[PDB]
Amino acid sequence: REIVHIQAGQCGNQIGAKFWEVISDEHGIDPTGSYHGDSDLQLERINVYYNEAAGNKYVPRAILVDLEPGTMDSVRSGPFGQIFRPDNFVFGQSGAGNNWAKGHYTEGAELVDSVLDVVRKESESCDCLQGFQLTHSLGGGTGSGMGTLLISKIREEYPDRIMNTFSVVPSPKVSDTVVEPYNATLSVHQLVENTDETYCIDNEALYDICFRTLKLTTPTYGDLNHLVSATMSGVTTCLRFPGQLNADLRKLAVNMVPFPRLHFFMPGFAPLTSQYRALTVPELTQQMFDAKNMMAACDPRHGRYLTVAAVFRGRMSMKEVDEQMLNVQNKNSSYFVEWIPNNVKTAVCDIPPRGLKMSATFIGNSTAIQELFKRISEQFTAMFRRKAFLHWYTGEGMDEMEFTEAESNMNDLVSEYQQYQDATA
Amino acid sequence: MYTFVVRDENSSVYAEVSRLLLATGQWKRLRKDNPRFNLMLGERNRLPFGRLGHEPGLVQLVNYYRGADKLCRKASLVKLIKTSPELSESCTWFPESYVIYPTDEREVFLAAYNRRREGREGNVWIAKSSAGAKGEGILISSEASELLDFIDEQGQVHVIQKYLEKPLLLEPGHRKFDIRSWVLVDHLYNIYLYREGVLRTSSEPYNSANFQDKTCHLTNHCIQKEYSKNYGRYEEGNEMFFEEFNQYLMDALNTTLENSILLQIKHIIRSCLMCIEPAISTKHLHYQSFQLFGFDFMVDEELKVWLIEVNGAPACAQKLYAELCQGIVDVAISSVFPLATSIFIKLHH
Amino acid sequence: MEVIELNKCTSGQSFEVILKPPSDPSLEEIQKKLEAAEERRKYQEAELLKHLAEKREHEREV
Amino acid sequence: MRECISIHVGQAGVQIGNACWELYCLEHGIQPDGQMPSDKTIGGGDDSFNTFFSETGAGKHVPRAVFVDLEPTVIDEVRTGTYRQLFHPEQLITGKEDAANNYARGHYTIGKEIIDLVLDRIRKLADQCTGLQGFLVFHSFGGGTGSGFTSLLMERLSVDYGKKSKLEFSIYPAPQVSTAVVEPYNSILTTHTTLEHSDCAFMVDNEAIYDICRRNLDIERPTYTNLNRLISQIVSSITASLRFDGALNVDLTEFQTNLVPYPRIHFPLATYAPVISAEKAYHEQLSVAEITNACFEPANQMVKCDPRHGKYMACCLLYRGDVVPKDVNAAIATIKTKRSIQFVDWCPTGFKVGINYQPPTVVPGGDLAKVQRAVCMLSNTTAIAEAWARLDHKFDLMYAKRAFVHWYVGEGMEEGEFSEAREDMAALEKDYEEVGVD
Ligand SMILES: Nc1nc2c(ncn2[C@@H]2O[C@H](COP(=O)(O)OP(=O)(O)OP(=O)(O)O)[C@@H](O)[C@H]2O)c(=O)[nH]1
Ligand SMILES: Nc1ncnc2c1ncn2[C@@H]1O[C@H](COP(=O)(O)OP(=O)(O)CP(=O)(O)O)[C@@H](O)[C@H]1O
Ligand SMILES: Nc1nc2c(ncn2[C@@H]2O[C@H](COP(=O)(O)OP(=O)(O)O)[C@@H](O)[C@H]2O)c(=O)[nH]1
Ligand SMILES: COc1cccc(-c2cc(NCc3ccc4[nH]ccc4c3)nc(N)n2)c1
Ligand SMILES: [Ca+2]
Ligand SMILES: [Ca+2]
Ligand SMILES: [Ca+2]
Ligand SMILES: [Ca+2]
Ligand SMILES: [Mg+2]
Ligand SMILES: [Mg+2]
Ligand SMILES: [Mg+2]
């Protein structure tokens, strides 16, 4: 059960690099690819994300994609730059200019075949491919436009494999350009059809967390990516380390996705870091269900949970987590749908993340994620009703009905979340 | 904090209990079918006992005893008394009764009816059923044949208990009555008798030769409030409390309510409930039960107490809801779910 | 309370005590329905690949 | 003599099989290498224990078992665990990717690809049997393999082995240890398709085993290893009649005759006592009357339910250890006068009893204490239907919204099978009420 990782664009490759830095440290792999760890539990599932190369060297099963070489050159020079397989760097020269059309139709189409070639070589070397994960942003052009193009191409060649994504949603408080709502709306319509799980990482929340909670006056993209890498590590701990949980991507999707289109999750993490005081199990459970620890700028009390999964890391009383986990149920029992019995899952991993005795990762399938899509839809319509900045896209061959269609599909997605939010037994 | 659910909206007693629970600041209500509850105030028919006690980390309590129906339906009560060695056919406080289907006792009922006919003994019999509300489907006659045809006139079961022709009549009025007692059985099966009972009194003068009257003989609060003109003369709503009935007994008969009647009451209550204790007890069960019962008694002119029926879903008197409902929460609910004198007489056993 | 049919050996005994007396589908239509479910999977996959084919066409119309 | 073949399907079946065959070897004095010093019949024999073990010319005693899972990690632990030598490779069959807790994926998509292989490996053992009796199938209700593939296998065994008996040991889903939310769907789907193909099924609710481990063994947080060793003891007591000398339940046919008057209502309730912790250095040894009385305390049942509010159709008492008939009858007499035990009017009010003088065996270093006498009661009571009702209600809650149904339809199943199976359960629940209530 191997996973193939893909990171596309500026945002996708930076959060992807941090990810490989974090889990590489947890598995005991050094920047050169040599193992110098203390426990054999680190290696029992190293194959899930790493290939074993000549010389007992471990190489991430990762593909790096971008339409301009800038960020990828930085990655090759970064701390863990030399660990990636050099032939897995696939880049163009021009770029996408924060244009979904360039990444999806013109500039990205020129490069997509070359990317799929590397996918095949990685998949052919898989004993039993389990699925794919993609890291990318939805506000730019390469990760947004070409990223969804890659997903459509992968579902063509591997139609029976799981396709999941860690997608960074744009926010005006952290914005590079104004056409970000356009690109996001066009990308989400693709994710509704061609992904099994999409973790909605909202830059609005990451900023509010760095500023309000962590008290960071001037947050940088590096500060936000520290939160993202920690969460992705927590989400993947159920596959990367050997508990008595037989977790496969498809089995996890079956347990979390009651309806095919409603597969957009709210990530969460606790404690929030950037101290030494030991955190208590009651504190971990109370923080991980708090809105201030959510990676999507949505209020869970404004919607209802379809399914929930809590992952605890460290050595703690498995009895005490159950008591506190069962306790929190009552404090928000109204916010859990009663027509999916026992819809809250709990997993425990004995291995803690770096420099934390105990941590908790939160994955929620809540109808309150609808708030995020409304926000993007509003920003979209504010411009589209005046056809502002459309020339950037029509110049690349797109028609205006493609914008209208994408708009309607997201409003449909919003309405679908609303019917189940009001549904009762 | 604790959680509960209401599944019987037409319950007067537990509507006050749920109301008093919310005012505590430590109890939260949910919709009818939310399964993560600590307490169920369940429905009256087809309560899903099979779905209780299977929720991890939740102690679940319910306000009904599975199997208690065997004591609260007239036909099953007769069966219980006649076949239970603890009660036996030689039972001194239950009127001679027979269950008659339209297993059956149609012929044995007439065997004792003529043994009294020949001996000139009083042969008044009464027919009853638990399906007829508002005092519908009752008959008191001295000829047996003219009632069996009426029993078969309908397609459900009826019982034939004795008509107590010599009741105790209150004065002034020369009128009839029955006694209602409320008993609470908690999860530990402690038997608590509410200290306050009530006399549900008839306002028409008892008449032996004329059973044609629909009201001269039946004292339930309803049949006297919309079928009689004398509702409320001697006491409010044909309801007299213990302090007065006790004073009347001291003055009129030179005895007390405790000595003459209540000892017999306490004996019947514990006798009936201890009979079915091993069949309904929830001591070592994955869920626990409590239930408040309404025992209806009746006193004859020799001051002997007779049991007529047991109601499993009883209403309370307007003038004791506040005190009684508070006692339930104290003993039945807070005993299992603790928070931050006594009105009950504990019947030991 | 009557004991009956008491058999016993070196390993143990067995008996019965009484307290009161009383008062398929064939192979082909299994292997056919497996095949009927397989063809339904193939139709769903063809519809997907057709839907994607429509998208490939529009991609290069742009 | 007549052989029995055990089939272990999925994680639950495989891991429970591990505990059962581990215990069998201890009870029969068989070592992990397959050698049996006490067996003087070299290379063969028709002893009672040979119903579960074949013999090789080299003196090896090989379980007549097949392990089958759609992914290999669990059976890989068998191929590398203490009992590597006991089995030979052809008995252990593994796929590449599992059913992802999807009944449809296990029954249709993947089941087609391995069903022929499994039946072939099973026939290779059957050809070694002189008078095969039937099969004992271990599986879970909740797993995609344990539910979907097991049902498919049961159908094919009825066609290839029409006149041969089939018994189930089924794990009923419990949220306290279950890491899945669609298990109600799989449970209903597999029970519907398998009901007419199973002669007698002993279902074990993980909830019951979980609380028993917490209450009586004081294990704060039990694991599957704790649960399985306890389950193995119940399985061992139930199958001991087939493995040792005796007169009661020595043929698979006797289970249906003694415990099942109607074919559809063939889910007997198992109750076991005493469960005593190994940590307690010494426990006051319980008498025949105490453990027999314990058989009527619902806290000792494999399924949480109240027999007092149902009716019995049959009851067997299987003692192991220091027991004599007189002490059994004494306990039964008092118990009748203290317990609510009403039989249906069309069946006798009696107990079929069997005693093995060898006391229960426990794994060295395990959590169970060694006892002088123990008993397992098998009773076919309508009260077990409470479990069907519990399961059916959860099914109705999700299916009203069609939640997760797309996962099954995507694998080639039709929505009609959901309602078709649910209606079958509705009839079963109604059958239990007819027989059980006035
Ligand atoms: N009692 C008990 N139940 C188990 C055990 N192992 C798994 N289960 C149950 O099986 C169900 C989960 O499905 P699995 O048995 O793991 O399914 P599988 O055979 O591994 O194949 P999959 O369908 O892919 O999961 C849960 O409801 C578990 O409670 C076990 O060792 N003991
Ligand atoms: N043995 C008896 N002799 C004379 N009258 C009797 C009697 N038993 C009952 N009654 C009459 O029946 C009345 C009460 O009837 P009962 O309470 O059984 O009606 P019911 O069953 O509809 C209400 P519940 O269901 O709460 O008991 C009394 O007022 C009394 O007059
Ligand atoms: N968290 C995070 N978000 C980023 C980063 N860089 C860009 N983004 C987001 O992505 C959007 C810009 O898209 P861009 O990264 O240029 O897409 P690209 O052209 O495919 O590389 C902005 O709205 C940002 O919110 C980063 O380093 N970290
Ligand atoms: C994006 O790629 C990945 C990669 C790795 C993991 C995941 C992931 C993790 C997860 N959390 C743990 C969990 C949740 C519910 C469970 N139920 C039974 C066991 C169990 C375990 N949940 C989901 N859906 N995916 C996604
Ligand atoms: Ca070009
Ligand atoms: Ca090519
Ligand atoms: Ca031998
Ligand atoms: Ca058959
Ligand atoms: Mg950029
Ligand atoms: Mg009544
Ligand atoms: Mg499995």
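Coordinate-derived values only; no laboratory data. Heads up, the Cβs are rebuilt from the backbone with ideal geometry, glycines too, and the neighbour counts pull from every protein chain shown.
In chain D, excluding the sites themselves, the longest stretch lacking any of the trypsin sites (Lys or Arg not before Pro) that are in a DSSP loop with at most 11 other Cβ atoms within 10 Å is D:164-279.
Simple rule: put +1 on each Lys or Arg Cβ and -1 on each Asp or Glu Cβ in chain A, find the dipole, and look at A:340, A:4, A:98; the Cα lying farthest toward the positive end is A:340.
A crude spin-label estimate for the pair residue B:212 and residue D:324, with each label 7 Å from Cα along the Cβ direction, gives 7.8 nm. Within a straight-line Cα-Cα reach of under 17 Å, residue A:319 can be paired with the following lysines, leaving aside sequence neighbours fewer than 8 residues apart in one chain: A:345.
Can you work out the FRET efficiency for the pair residue C:23 and residue A:125, with r the C-beta to C-beta distance and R0 = 56 Å, to the nearest 0.05?
Computed FRET efficiency for residue C:23 and residue A:125: 0.15.
Estimated purely from DSSP H runs of n ≥ 4, each contributing -39500 (n - 2.57), the mean residue ellipticity at 222 nm for chain A is -12500 deg cm²/dmol once divided by its residues. Cα centroid separation, the stretch D:361-399 to the stretch A:281-321: 33 Å. Here r is the Cβ-Cβ distance between residue B:174 and residue B:108 and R0 is 51 Å; the resulting FRET efficiency, rounded to 0.05, is 0.90.
Seen through its C-alpha gyration tensor, with square-root eigenvalues sorted a ≥ b ≥ c, chain B comes out prolate because a/c lies at 1.5 or above while a/b is bigger than b/c. Spin-label pair residue A:176-residue D:419: with each label point 7 Å from Cα along the Cα-Cβ axis, the two points sit 5.2 nm from one another.
What 222 nm value per residue comes from the helices of chain D, counting each DSSP H run with n ≥ 4 as -39,500 (n - 2.57) and dividing by all residues, nearest 500 deg cm²/dmol?
Using -39500 (n - 2.57) per qualifying helix, the result is -12000 deg cm²/dmol.
A run of chain D free of exposed loop cleavage sites, with chymotrypsin sites (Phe, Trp or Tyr not before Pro) counted only in DSSP states other than H, G, I, E and B and at most 13 other beta carbons within 10 Å, reaches its longest extent at D:1-281. Shape of the stretch D:161-280 from the C-alpha gyration tensor: oblate (a/c of 1.5 or more and a/b not above b/c, with a ≥ b ≥ c the square roots of its eigenvalues).
Please enumerate, by chain and number, the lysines with C-alpha under 30 Å from the C-alpha of residue A:215, excluding those fewer than 8 residues away in the same chain. By straight Cα distance, residue A:215 reaches A:18, A:173, A:292, A:331, A:357, A:374. Only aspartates and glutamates eight or more places from residue A:57 in sequence, or on another chain, were considered; those with a Cα closer than 12 Å are A:30.
Determine the alpha carbon to alpha carbon distance for each of B:162/B:225; C:20/D:338; B:266/D:311 and list only those over 27 Å.
Check vs 27 Å cut-off fails for B:266/D:311.
Calculate the length of the line joining the C-alpha centroid of the stretch A:369-425 to that of the stretch D:60-96, in whole Å. With the stretch A:369-425 and the stretch D:60-96 each reduced to a Cα centre, they are spaced 54 Å.
Shape class of chain A from the Cα gyration tensor (axes a ≥ b ≥ c, square roots of the eigenvalues): oblate, since a/c reaches 1.5 or more and a/b does not exceed b/c. Per-residue mean of foreign Cβ neighbours for D:345-351 is 5 (Cβ atoms of other chains, 10 Å radius). Expressed as a whole number of Å, what is the distance separating the alpha-carbon centroids of the stretch D:231-277 and the stretch D:184-201? The two parts, judged by their Cα centres, are 19 Å apart. Taking label points 7 Å from Cα along the Cα-to-Cβ direction, residue D:116 and residue A:283 give a separation of 6.2 nm.
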